[PDB]
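Accompanying notes for the structure given below.
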Amino acid sequence: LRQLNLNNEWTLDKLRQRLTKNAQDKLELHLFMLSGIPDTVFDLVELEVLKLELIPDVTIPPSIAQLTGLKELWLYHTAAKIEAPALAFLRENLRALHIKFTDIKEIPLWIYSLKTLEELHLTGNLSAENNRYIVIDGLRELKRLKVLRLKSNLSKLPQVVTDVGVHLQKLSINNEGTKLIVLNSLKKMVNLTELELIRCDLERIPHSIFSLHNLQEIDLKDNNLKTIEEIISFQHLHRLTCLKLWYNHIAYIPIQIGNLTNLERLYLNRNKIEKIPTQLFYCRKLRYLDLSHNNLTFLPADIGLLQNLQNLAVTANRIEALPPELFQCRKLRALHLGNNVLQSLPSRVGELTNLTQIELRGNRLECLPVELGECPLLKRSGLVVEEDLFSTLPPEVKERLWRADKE
């Protein structure tokens, strides 16, 4: 009676109204605090992301096989019970499985029998008595995994993940402040491209990090690096293109950082850098530069050595003037320059053309240069600016911007 009442409550129309999209722009359905899964969910054929959140001991009927495009599946605090035709359609269609848990029994034993599983986030502790990576021992059977996110408060890495890593390309382990014992057991990551140690608290870089030639994304976030000294051995790794060293205790950057040229999204934000050096601007391929929340003494001129740079965020620094060299760069779009000590913007900012978003709530800009109104791609949504200095501008320029906004 409870199941059939659930079917009668949540009809297909309001479910279509409630349909949303995930981060991957895929059709998702967030079922929160439900007694079960209505068959109106399973009557769908175009669903790809079946999200199941806090449903007590549900039993999945076979009609999931009708959901022809089903690829993702979100289990958050949900004990899932499934049958064999469902397992068949998930063995031929399903290539993703997102399991969030706080208990071993919440994790079902069917999820290890998938023949197309490719993306897989296990959230919750996986280390237990006779169950430390033995909850999930069927991850050998899954031979097509490519993404493995583990928010599990983990202390060691299984070798079987290293075996799977012939096809796996992303491993992000969240441990809430627990150090793993790497011991150079990660070198089978030939296909790994994004090693993301979130809140690892390593304070050191093992050789396995700069032994893996396919790594392109390296963020040692919240690892409390007082010093970063292992970038020199990265030149054997030809594929590194983005060093997003953010949210760290990095006190200083050695001048040898000027040796690099090939980075694009150099994000060195949320650090303790005393000043940006000219050496850092020897990197010619930089397209994105985030230096938010630093102790930079000033902004030098060599920031204008970045022609392909698109977004620049030197927010929450001690910066007073933007050089004309920065305005020779035609590709500046997102200039998060706010909460600074900026005295003024030199009129050579009229050279700028592609400015899109700027933040100026804060700073010390005495009055708006009219060149800030000159930027075409910069609209009212992008020009997050004070209103009085905007009113200091001639009314007809404001009218032109308004007409561009509304027509």
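Identifiers in this document derive from the order of the structure tokens: chains are assigned A, B, ..., residues are numbered from 1 separately in each chain, and ligands are numbered from 1 in order of occurrence.
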
message: Which residues are close to region 277-292 of chain A, i.e. within 10 Å by only C-alpha atoms, leaving aside same-chain residues fewer than 2 positions away? Reply as number ranges by chain.
response: A: 241-242, 244-247, 253-271, 273-275, 294-296, 299-317, 331-338

query: Which polymer residues have any atom within 9 Å of an atom of residue 103 (chain A), counting only C-alpha atoms, with same-chain residues fewer than 4 positions away left out, as a VMD selection string?
result: chain A and resid 77 107 124 to 126

Generate the output file for the selected residues, N, CA, C and O atoms, as a short mmCIF file (atom, residue, chain, number, x, y, z; two decimals), in the first residue's frame.
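Now in part.cif:
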```cif
data_model
loop_
_atom_site.label_atom_id
_atom_site.label_comp_id
_atom_site.auth_asym_id
_atom_site.auth_seq_id
_atom_site.Cartn_x
_atom_site.Cartn_y
_atom_site.Cartn_z
N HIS A 77 23.22 7.55 0.82
CA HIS A 77 22.57 7.02 2.02
C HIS A 77 21.37 6.16 1.67
O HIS A 77 20.32 6.22 2.32
N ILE A 107 26.14 -0.06 1.24
CA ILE A 107 26.76 -0.38 -0.04
C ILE A 107 26.27 -1.75 -0.49
O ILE A 107 26.52 -2.75 0.19
N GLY A 124 32.43 7.87 1.64
CA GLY A 124 32.21 7.20 2.91
C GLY A 124 33.32 6.21 3.20
O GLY A 124 33.99 5.75 2.27
N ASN A 125 33.51 5.86 4.47
CA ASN A 125 34.65 5.05 4.88
C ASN A 125 34.60 3.65 4.28
O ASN A 125 33.61 2.92 4.44
N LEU A 126 35.67 3.27 3.58
CA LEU A 126 35.81 1.95 2.98
C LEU A 126 36.78 1.05 3.72
O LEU A 126 37.08 -0.04 3.23
#
```

- request: Just the residues within 12 Å of residue 374 (chain A), please, counting only C-alpha atoms, with nothing from its chain fewer than 5 positions along; format it as a PyMOL selection string.
  value: chain A and resi 347-356+368-369+379+383+393+397-398+400-401

For those residues, write N, CA and C atoms to a file as a PDB file, in the first residue's frame.
```
ATOM      1  N   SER A 347      45.171  55.206 -18.475  1.00  0.00           N
ATOM      2  CA  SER A 347      44.275  55.356 -19.618  1.00  0.00           C
ATOM      3  C   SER A 347      44.615  54.423 -20.774  1.00  0.00           C
ATOM      4  N   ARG A 348      45.815  53.836 -20.783  1.00  0.00           N
ATOM      5  CA  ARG A 348      46.187  52.828 -21.772  1.00  0.00           C
ATOM      6  C   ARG A 348      45.289  51.595 -21.720  1.00  0.00           C
ATOM      7  N   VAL A 349      44.423  51.486 -20.706  1.00  0.00           N
ATOM      8  CA  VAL A 349      43.396  50.448 -20.656  1.00  0.00           C
ATOM      9  C   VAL A 349      42.427  50.588 -21.828  1.00  0.00           C
ATOM     10  N   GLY A 350      42.439  51.737 -22.514  1.00  0.00           N
ATOM     11  CA  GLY A 350      41.688  51.857 -23.753  1.00  0.00           C
ATOM     12  C   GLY A 350      42.150  50.896 -24.832  1.00  0.00           C
ATOM     13  N   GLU A 351      43.354  50.335 -24.680  1.00  0.00           N
ATOM     14  CA  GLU A 351      43.820  49.306 -25.605  1.00  0.00           C
ATOM     15  C   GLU A 351      43.062  47.997 -25.412  1.00  0.00           C
ATOM     16  N   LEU A 352      42.473  47.794 -24.232  1.00  0.00           N
ATOM     17  CA  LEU A 352      41.733  46.567 -23.959  1.00  0.00           C
ATOM     18  C   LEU A 352      40.464  46.499 -24.799  1.00  0.00           C
ATOM     19  N   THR A 353      40.151  45.302 -25.291  1.00  0.00           N
ATOM     20  CA  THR A 353      38.972  45.073 -26.120  1.00  0.00           C
ATOM     21  C   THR A 353      38.080  43.949 -25.613  1.00  0.00           C
ATOM     22  N   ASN A 354      38.660  42.855 -25.113  1.00  0.00           N
ATOM     23  CA  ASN A 354      37.870  41.661 -24.831  1.00  0.00           C
ATOM     24  C   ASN A 354      37.462  41.544 -23.368  1.00  0.00           C
ATOM     25  N   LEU A 355      37.478  42.640 -22.610  1.00  0.00           N
ATOM     26  CA  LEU A 355      37.125  42.578 -21.196  1.00  0.00           C
ATOM     27  C   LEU A 355      35.660  42.192 -21.036  1.00  0.00           C
ATOM     28  N   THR A 356      35.395  41.189 -20.200  1.00  0.00           N
ATOM     29  CA  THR A 356      34.044  40.674 -19.995  1.00  0.00           C
ATOM     30  C   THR A 356      33.522  40.869 -18.582  1.00  0.00           C
ATOM     31  N   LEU A 368      35.773  56.495 -12.027  1.00  0.00           N
ATOM     32  CA  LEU A 368      35.853  55.579 -13.159  1.00  0.00           C
ATOM     33  C   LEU A 368      36.473  56.266 -14.360  1.00  0.00           C
ATOM     34  N   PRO A 369      37.544  55.719 -14.929  1.00  0.00           N
ATOM     35  CA  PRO A 369      37.911  56.104 -16.293  1.00  0.00           C
ATOM     36  C   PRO A 369      36.807  55.687 -17.248  1.00  0.00           C
ATOM     37  N   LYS A 379      29.689  43.860 -19.960  1.00  0.00           N
ATOM     38  CA  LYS A 379      28.311  44.315 -19.839  1.00  0.00           C
ATOM     39  C   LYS A 379      27.994  44.661 -18.391  1.00  0.00           C
ATOM     40  N   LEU A 383      30.446  44.208 -15.540  1.00  0.00           N
ATOM     41  CA  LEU A 383      30.957  45.426 -14.909  1.00  0.00           C
ATOM     42  C   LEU A 383      30.290  45.584 -13.544  1.00  0.00           C
ATOM     43  N   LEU A 393      30.271  59.382 -15.295  1.00  0.00           N
ATOM     44  CA  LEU A 393      30.436  59.271 -16.735  1.00  0.00           C
ATOM     45  C   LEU A 393      29.353  60.078 -17.454  1.00  0.00           C
ATOM     46  N   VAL A 397      26.958  57.932 -22.934  1.00  0.00           N
ATOM     47  CA  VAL A 397      27.708  56.677 -22.936  1.00  0.00           C
ATOM     48  C   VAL A 397      26.970  55.623 -22.117  1.00  0.00           C
ATOM     49  N   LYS A 398      26.435  56.031 -20.962  1.00  0.00           N
ATOM     50  CA  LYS A 398      25.587  55.150 -20.169  1.00  0.00           C
ATOM     51  C   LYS A 398      24.354  54.723 -20.955  1.00  0.00           C
ATOM     52  N   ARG A 400      24.210  54.416 -24.246  1.00  0.00           N
ATOM     53  CA  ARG A 400      24.668  53.452 -25.244  1.00  0.00           C
ATOM     54  C   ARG A 400      24.843  52.070 -24.624  1.00  0.00           C
ATOM     55  N   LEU A 401      25.440  52.012 -23.431  1.00  0.00           N
ATOM     56  CA  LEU A 401      25.571  50.733 -22.735  1.00  0.00           C
ATOM     57  C   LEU A 401      24.203  50.156 -22.380  1.00  0.00           C
TER      58      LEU A 401
END
```

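Residue-level DSSP output for region 81-234 of chain A, from the backbone, shows strand (DSSP E or B) at residues 81, 96, 97, 98, 99, 100, 119, 120, 121, 122, 123, 147, 148, 149, 150, 151, 170, 171, 172, 173, 174, 194, 195, 196, 197, 198, 217, 218 and 219 of chain A.
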
May I have the residues from that selection written out with C-alpha atoms, as a JSON list (two decimals), in the first residue's frame?
```
[["chain", "number", "residue", "atom", "x", "y", "z"],
["A", 81, "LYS", "CA", 18.22, -3.84, -3.85],
["A", 96, "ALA", "CA", 28.77, 5.53, -14.12],
["A", 97, "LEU", "CA", 27.94, 4.80, -10.47],
["A", 98, "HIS", "CA", 28.13, 7.37, -7.65],
["A", 99, "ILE", "CA", 27.82, 5.72, -4.24],
["A", 100, "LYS", "CA", 27.64, 7.79, -1.03],
["A", 119, "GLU", "CA", 32.99, 6.39, -13.67],
["A", 120, "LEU", "CA", 32.79, 5.68, -9.96],
["A", 121, "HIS", "CA", 32.87, 7.85, -6.81],
["A", 122, "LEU", "CA", 32.78, 6.01, -3.48],
["A", 123, "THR", "CA", 31.96, 8.45, -0.67],
["A", 147, "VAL", "CA", 37.37, 8.11, -12.85],
["A", 148, "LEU", "CA", 37.74, 7.15, -9.16],
["A", 149, "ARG", "CA", 36.85, 9.72, -6.50],
["A", 150, "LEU", "CA", 37.23, 8.39, -2.95],
["A", 151, "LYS", "CA", 35.92, 10.48, -0.04],
["A", 170, "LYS", "CA", 41.43, 10.26, -12.68],
["A", 171, "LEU", "CA", 41.87, 9.45, -8.98],
["A", 172, "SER", "CA", 40.85, 12.07, -6.40],
["A", 173, "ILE", "CA", 41.01, 10.86, -2.79],
["A", 174, "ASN", "CA", 39.39, 12.93, -0.04],
["A", 194, "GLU", "CA", 44.56, 14.13, -13.26],
["A", 195, "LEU", "CA", 46.06, 13.20, -9.89],
["A", 196, "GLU", "CA", 44.16, 15.40, -7.43],
["A", 197, "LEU", "CA", 45.20, 14.99, -3.79],
["A", 198, "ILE", "CA", 42.54, 17.02, -2.00],
["A", 217, "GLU", "CA", 46.45, 18.49, -13.58],
["A", 218, "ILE", "CA", 48.37, 18.85, -10.30],
["A", 219, "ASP", "CA", 46.80, 20.65, -7.33]]
```

message: Residues within 8 Å of residue 179 (chain A), please, as an MDAnalysis selection string. Count only C-alpha atoms; anything in the same chain fewer than 2 positions from it doesn't count.
response: chainID A and resid 154:155 175 177 181 200:202

Write a file of the selected residues as a PDB file, in the first residue's frame, keeping N, CA and C atoms.
```pdb
ATOM      1  N   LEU A 154      40.756   7.812   4.063  1.00  0.00           N
ATOM      2  CA  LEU A 154      41.535   6.634   3.712  1.00  0.00           C
ATOM      3  C   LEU A 154      42.969   6.756   4.212  1.00  0.00           C
ATOM      4  N   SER A 155      43.578   5.615   4.537  1.00  0.00           N
ATOM      5  CA  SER A 155      44.946   5.573   5.035  1.00  0.00           C
ATOM      6  C   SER A 155      45.895   4.789   4.135  1.00  0.00           C
ATOM      7  N   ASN A 175      40.159  12.604   2.250  1.00  0.00           N
ATOM      8  CA  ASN A 175      40.380  11.826   3.462  1.00  0.00           C
ATOM      9  C   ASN A 175      40.156  12.616   4.747  1.00  0.00           C
ATOM     10  N   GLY A 177      41.881  14.851   6.199  1.00  0.00           N
ATOM     11  CA  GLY A 177      43.077  14.991   7.005  1.00  0.00           C
ATOM     12  C   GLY A 177      43.719  13.697   7.448  1.00  0.00           C
ATOM     13  N   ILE A 181      49.822   5.979   2.881  1.00  0.00           N
ATOM     14  CA  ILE A 181      51.168   5.460   2.667  1.00  0.00           C
ATOM     15  C   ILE A 181      51.324   5.121   1.191  1.00  0.00           C
ATOM     16  N   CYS A 200      45.170  16.285   1.374  1.00  0.00           N
ATOM     17  CA  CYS A 200      46.046  15.166   1.685  1.00  0.00           C
ATOM     18  C   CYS A 200      46.995  15.451   2.840  1.00  0.00           C
ATOM     19  N   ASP A 201      47.346  16.721   3.063  1.00  0.00           N
ATOM     20  CA  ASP A 201      48.280  17.140   4.112  1.00  0.00           C
ATOM     21  C   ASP A 201      49.617  16.411   3.985  1.00  0.00           C
ATOM     22  N   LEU A 202      50.091  16.295   2.742  1.00  0.00           N
ATOM     23  CA  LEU A 202      51.330  15.567   2.482  1.00  0.00           C
ATOM     24  C   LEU A 202      52.548  16.324   2.993  1.00  0.00           C
TER      25      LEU A 202
END
```

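Here CA of residue 95 (chain A) is placed at a distance of 16.3 Å from CA of residue 23 (chain A).
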
message: I need the residues of region 39-283 of chain A that end up classed as alpha helix (DSSP H) by DSSP on the backbone, written out as an NGL selection string.
response: :A and (39-42 or 84-92 or 159-164)

For the residues in the current selection, export C-alpha atoms as a PDB file, in the first residue's frame.
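For reference, part_34.pdb as written:
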```
ATOM      1  CA  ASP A  39       7.222   3.554 -11.295  1.00  0.00           C
ATOM      2  CA  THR A  40       6.579   6.941 -12.921  1.00  0.00           C
ATOM      3  CA  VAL A  41      10.353   7.429 -12.681  1.00  0.00           C
ATOM      4  CA  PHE A  42      10.898   4.130 -14.482  1.00  0.00           C
ATOM      5  CA  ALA A  84      18.828  -9.468 -12.842  1.00  0.00           C
ATOM      6  CA  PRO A  85      17.206  -7.718 -15.878  1.00  0.00           C
ATOM      7  CA  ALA A  86      18.176  -4.447 -14.211  1.00  0.00           C
ATOM      8  CA  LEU A  87      21.706  -5.824 -13.901  1.00  0.00           C
ATOM      9  CA  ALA A  88      21.593  -6.727 -17.603  1.00  0.00           C
ATOM     10  CA  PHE A  89      20.606  -3.267 -18.788  1.00  0.00           C
ATOM     11  CA  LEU A  90      23.171  -1.733 -16.431  1.00  0.00           C
ATOM     12  CA  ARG A  91      25.821  -4.162 -17.701  1.00  0.00           C
ATOM     13  CA  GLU A  92      25.140  -3.021 -21.264  1.00  0.00           C
ATOM     14  CA  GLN A 159      47.030  -2.317  -5.497  1.00  0.00           C
ATOM     15  CA  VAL A 160      43.941  -3.392  -7.457  1.00  0.00           C
ATOM     16  CA  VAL A 161      43.192   0.268  -8.215  1.00  0.00           C
ATOM     17  CA  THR A 162      46.742   0.478  -9.573  1.00  0.00           C
ATOM     18  CA  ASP A 163      45.976  -2.550 -11.759  1.00  0.00           C
ATOM     19  CA  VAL A 164      42.720  -0.985 -13.003  1.00  0.00           C
TER      20      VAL A 164
END
```

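By chain and then residue number, the residues within 12 Å of residue 10 (chain A) are residues 3, 4, 5, 6, 14, 15, 16, 17, 18, 31, 34, 35, 36, 37, 38, 39, 40 and 41 of chain A, counting only C-alpha atoms and disregarding those fewer than 4 positions away in sequence.
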
Could the residues in this selection be written to a file with N, CA, C and O atoms, as a compact mmCIF listing (two decimals), in the first residue's frame?
```txt
# COMPACT_ATOMS: atom_id res chain seq x y z
N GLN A 3 3.94 1.50 -1.28
CA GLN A 3 4.56 1.63 -2.59
C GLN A 3 3.56 2.16 -3.62
O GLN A 3 3.88 3.04 -4.42
N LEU A 4 2.34 1.63 -3.60
CA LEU A 4 1.35 2.04 -4.59
C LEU A 4 0.86 3.46 -4.30
O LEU A 4 0.60 4.24 -5.22
N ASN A 5 0.78 3.83 -3.01
CA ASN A 5 0.49 5.21 -2.65
C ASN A 5 1.60 6.14 -3.11
O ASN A 5 1.32 7.24 -3.60
N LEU A 6 2.86 5.71 -2.98
CA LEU A 6 3.98 6.48 -3.51
C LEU A 6 3.85 6.67 -5.02
O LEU A 6 4.12 7.76 -5.54
N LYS A 14 4.63 16.17 -12.58
CA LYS A 14 5.40 16.96 -11.62
C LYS A 14 6.85 16.49 -11.57
O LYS A 14 7.75 17.27 -11.28
N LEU A 15 7.08 15.20 -11.86
CA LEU A 15 8.44 14.70 -11.99
C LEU A 15 9.16 15.34 -13.16
O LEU A 15 10.35 15.66 -13.06
N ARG A 16 8.47 15.51 -14.29
CA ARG A 16 9.05 16.23 -15.42
C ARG A 16 9.32 17.68 -15.07
O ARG A 16 10.33 18.26 -15.50
N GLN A 17 8.42 18.29 -14.29
CA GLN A 17 8.66 19.65 -13.81
C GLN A 17 9.89 19.72 -12.91
O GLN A 17 10.63 20.71 -12.92
N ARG A 18 10.13 18.67 -12.13
CA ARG A 18 11.23 18.66 -11.16
C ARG A 18 12.56 18.25 -11.81
O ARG A 18 13.62 18.47 -11.21
N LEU A 31 15.89 12.73 -6.00
CA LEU A 31 14.81 12.19 -5.18
C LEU A 31 15.27 12.19 -3.73
O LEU A 31 16.02 11.31 -3.31
N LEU A 34 12.51 10.11 0.03
CA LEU A 34 11.41 9.33 -0.52
C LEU A 34 11.32 7.98 0.18
O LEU A 34 12.31 7.43 0.66
N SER A 35 10.09 7.46 0.23
CA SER A 35 9.89 6.12 0.77
C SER A 35 10.34 5.06 -0.22
O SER A 35 10.81 3.98 0.18
N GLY A 36 10.20 5.33 -1.51
CA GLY A 36 10.64 4.43 -2.55
C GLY A 36 10.85 5.14 -3.87
O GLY A 36 10.80 6.37 -3.93
N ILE A 37 11.07 4.39 -4.95
CA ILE A 37 11.14 4.94 -6.30
C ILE A 37 9.80 4.68 -6.98
O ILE A 37 9.43 3.50 -7.15
N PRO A 38 9.05 5.71 -7.35
CA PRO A 38 7.80 5.49 -8.08
C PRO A 38 8.07 4.89 -9.46
O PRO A 38 9.12 5.10 -10.05
N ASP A 39 7.10 4.12 -9.95
CA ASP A 39 7.22 3.55 -11.30
C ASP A 39 7.09 4.63 -12.37
O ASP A 39 7.45 4.40 -13.53
N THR A 40 6.59 5.81 -12.00
CA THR A 40 6.58 6.94 -12.92
C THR A 40 7.99 7.39 -13.27
O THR A 40 8.22 7.89 -14.38
N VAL A 41 8.95 7.21 -12.35
CA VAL A 41 10.35 7.43 -12.68
C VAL A 41 10.78 6.46 -13.77
O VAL A 41 11.45 6.83 -14.74
```

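For the atom pair formed by CA of residue 80 (chain A) and CA of residue 131 (chain A), the distance is 18.6 Å, given to one decimal.
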